[PDB]
Every structure is written in structure tokens, then in C-alpha cells.
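Each of the two blocks below gives one form of the same protein chain as C-alpha cells; they are labelled structure 1 and structure 2.
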Structure 1
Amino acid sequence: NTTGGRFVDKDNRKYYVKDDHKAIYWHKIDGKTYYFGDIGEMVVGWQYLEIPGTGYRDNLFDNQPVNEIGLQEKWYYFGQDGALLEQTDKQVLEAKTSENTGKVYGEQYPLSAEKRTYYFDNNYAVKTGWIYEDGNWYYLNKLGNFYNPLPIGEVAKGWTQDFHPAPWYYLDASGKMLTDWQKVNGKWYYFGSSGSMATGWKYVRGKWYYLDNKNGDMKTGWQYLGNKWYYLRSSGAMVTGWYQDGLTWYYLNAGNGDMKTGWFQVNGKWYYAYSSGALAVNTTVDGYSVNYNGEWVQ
């Protein structure tokens, strides 16, 4: 809704001048959208800018006061003629890098040789968060790595937290979200149906597995958890019943799986495990005899 002015080439910059004042920030001119920053220099290419449409950064000229309101910022793409790319779906564009953002008309820089697919929201900003395409989920970065906004809107690869104990996801080499059991850096992780990395005890397909409570990696062998011992086989699955480690027998509780100590009964017969879990065999324990199977013979 800006009219009556004209574009001007001056001082190796581009301005829009109306009645001898310069356009600043966002303007809708002649069916296209432009942005002229804080002093009037028309921008081109990739730009991380305050969002348009509020009025506070819109239809303003440099003779007018500017509200000190700090608006939210997003990525936008402008053509080399300054016109905003008004995309609401997706488009393959030169990759944004450290060398091709925040430039104004007149500044010399090369377009990126590498092109990437960028996704856009209904208001022409680069989209972030989860998107679905061709049978897969991809995550578009919401934040910079851990201030610089460059990563925002890029396709996440590898281990990625989704911030609103934020959930972990793993995206493969093309960005596809993995589900179910996956081996990453030599260790097993379970991502279920939703993609969220499991932690703690998890019942999957009729067996118990323990994933590290913080890191998600599947444990095997003997594990001391919640003041009790459990034995997990090499596949990760929790064992119940009798288990022989070398010559030594252990009994893992039916159901819960915790290792028994002291006197315990299995199918009518009595057994004694020392504090280590080791079954007493062919000896006595406090007056009671136990045979080669560890059974109490009265």
C-alpha cells in the first residue's frame, strides 16, 4: 500500500524515495514486497528479519519515529531485484551460509553453488519444526546451535532434541526420522512409533529392555537398578527364572525379574542364594542341608 515514490540507484545502493524521504523496513509496492532496513538500503537474498504485518515495521519512512518494540525474527528470501519470495509451501534455493545473508542491493557476493529445499509457512517465512513428505518425517531446526540464526530452517541430521527433558530423535543422512530399534555408534536405541527416544525400562514385543535413563542406550548383562540386580541377555531382553553364569546359578524373579537373595521358593521347593545371588549347592545354610540342585532336603 506504498505508492507515489520511486526506486533510486544511488551510492551503490537501492532506495525507495517518496517526496524526498527514504522507505525503511517493510513495504508493499506495486504487487510485490520489499524491505529497506533501518536507514533505507533495499535488501536482497537471505534475510533474518522482524516479522511483517504488525504496522510497527510497515509502511514507514525515515522521517517517522520507529517503535522500540523488539519483534520476533524469521528467515525470508528476497530476489536480487529486492522482491520477497512469497512462497507458502517449499522451494529449492541457494543454501544460506555465512557469506550470503544480510546483504543489501549493491554489495558484491556470490550465490551459493549448493542448493537446498526450504519449506515456508503461510506468511512467507522459512518454516521450522516437524514436516511430513513422501512417507517420512523431517525436523527443521527451530533454533541456532549451542545464537547465530543460520541453522534455523535447515534439515536436522543425527541426534536432535525437539524443544518447545525434551525428547531426543535421530534423523538419518537425508533427514528421515528413524523409528523402532536402531543401532547408532555401536549401541541400540528404541524410538518406538513416534520417533521419541525411549529411556528407562521399556516393554517391547513381549520382553523387557532397559535403556539408559538419561542417554537412551540399551544395556546388557548384569545391571544394578533401583536397589536390585537384573540380568539382561546379549540381545537386551530381561531374563526371568534360573540363569547359570559359569557354574553359578542365579534366580531372577518370575515377572519382575529382580535377582533373589536369601531363602526363596520355586515350584514348592526351597533354595538359598547368598548376597551375591549365587545359589548354595551341596552344603548347609544355618542347619538346613541343600543338595546338588540347591533344594532344601528336610
Structure 2
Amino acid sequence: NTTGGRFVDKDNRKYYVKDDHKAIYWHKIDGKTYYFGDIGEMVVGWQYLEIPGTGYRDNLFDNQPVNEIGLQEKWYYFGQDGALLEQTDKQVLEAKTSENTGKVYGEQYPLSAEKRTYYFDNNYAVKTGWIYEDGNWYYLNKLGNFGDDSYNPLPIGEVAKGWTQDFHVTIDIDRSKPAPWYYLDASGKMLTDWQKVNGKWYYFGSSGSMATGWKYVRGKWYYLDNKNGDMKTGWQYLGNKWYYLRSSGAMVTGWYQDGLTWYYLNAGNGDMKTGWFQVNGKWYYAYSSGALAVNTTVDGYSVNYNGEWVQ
């Protein structure tokens, strides 16, 4: 909705001039959309810009005041004629690199020999976050790379691979909200259920998020590292209590013999018993190591070879 002007070629740049003024930022002109930066030069190709539509960066000319405004920046694609690609689904385009972004009409730059499928939101911006494609989930980076007073927005919108945290983010990471870990394979597909990664087992369930701590899966209990997620095995001291996990990771309950020694893991909680305890009417004593006492005396009471108390 900007009329009364005309495009102008001058000094190897292109502008839109009306009543002798230069257009700047966003403008809707005769069915298409263009962006002319801060001083009027029409942009082309990949651009990381403040979202249009609010009016604060729209329909403006260099002879008008430009207000302070905090608008998020996102990725957009413009044709070589300056027209914004108003895609709302997806399109295969030249990959955005460190040498084909932020260019203006008349500037010289290479065209990526590599192309990628880019997804877009309903407002023509490159889409970020989770997406569901052909039976699988994919994660499109929400953030670029940080580096001590440094930030590179290039990775944004790209398909994430490997271990990835899904932070809540607008202009910055919302550190108050949760940021679960996920794992996307070589083609970007999100993994589910049990998975062995870098020599260790992890559980991503049905939602994909990496489990931590105790987890009940298909009738058994597993303990995934509270912080790292990796599945534990063997003896583990958790919450001031001992537990024995099979090599499969599953928690053991009942009587267990380690070498020659017998231990009793609580039927309900699975925690190792110490002191005198009773099993199915019978009485037994386990030392502080959890080790069952056999054929000997304990503070006056005798126990046979099965550790059973005998009157």
C-alpha cells in the first residue's frame, strides 16, 4: 500500500522514490513486498530483519522519523528483483552462508552450489522449532551461535543434528522455562524410545525428550543419570539408599546373589535392606553392607545357612 513513486537505478543500487524521497525498510508495492534498509537501498537474497507489519518499520521514507522499537529479527528471502518470497510452507533455496546474506541490488556475490529445503511460517519468515514431516519430527534451530560478546544468526532455521536443547526463545533464551534435550540422527529425524549413543543407553520415550532419574518403562524401573541421561547399571547409591540394576539396566527386587553373597532388595521400593528384616514370615539379618548373615550368631540370635533365624 505504497504508491506515487517509482523504482530508480543509481550508483549501482536500486531505490524507490516518491515525491523526491527514498523509501526505507518495509513497503508493499503493487502486489509485492520490498525492503530498502535504513538508507533506501533495495535488498535481495537472504536477509535477517525485523518483522514487518507493525507500522514502525513499514511505509516509511527517509524524510520521516524512525521510532525506537524492539522487534524480533527473523530470516526472509527476496528475489533478485527485490520481491520478497511470500512462501508459507517450504521451498528449496540456495543455502544461506557467510557470503550471500545482507546483500543489496547491484552488489556482487556467489550463488550457493548447495541448496536446502527451507520451511516458512504463515508470515513469510523462515520457520523455527519443531516440524512434522513424512512421519518424523525435525528440529529447526531457534538460535544461532554465541561467543563471548558475539552472535551468529546463520544456523537459525537450519535442520538440527545430534544432541539439541529446545529452549524457549523470542528475542533471547527464556532461562526460566524448561529446556529438554533431544537427539536428531544424521538426517535430522528425532529419536524415540531406547537409543544407544556414544556407547551409552538413553531413553527418549514417545515425545523424544531425554529422560533423567528414575523411569518406569514397560514394567521395569530404570535409572538415567540425573543430569546427563545415561543409563546406569550395577550397584548405585541413590537418595541415601543402595539399589542393584541388571546389566540391562532394569532394577532388581527380591533376593540377589553377588558372587557368593546374598542381598535383599525391597519388593516395593527396591532399596537394599540392612538390619533384621522379614521375608514371607521368615526373619533375616543383613550387615551394613547389605550382606546376608549365614550360619552364625547375631547379638544372641542364630541363623542357618539360608540366613533364616532359628529358635
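The term rigid core refers to the maximal set of C-alpha atoms that superpose within 1.5 Å between the two forms. Here, a residue number simply tells you its place in the sequence of structure 1, counted from 1.
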query	finding
Cα displacement of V8 between structures 1 and 2, once the rigid core is superposed (Å)	2.2
Backbone CA shift between structures 1 and 2, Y288, after core fitting (angstrom)	1.0
Rigid core superposed, the C-alpha shift at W46 between structures 1 and 2 in Å	0.6
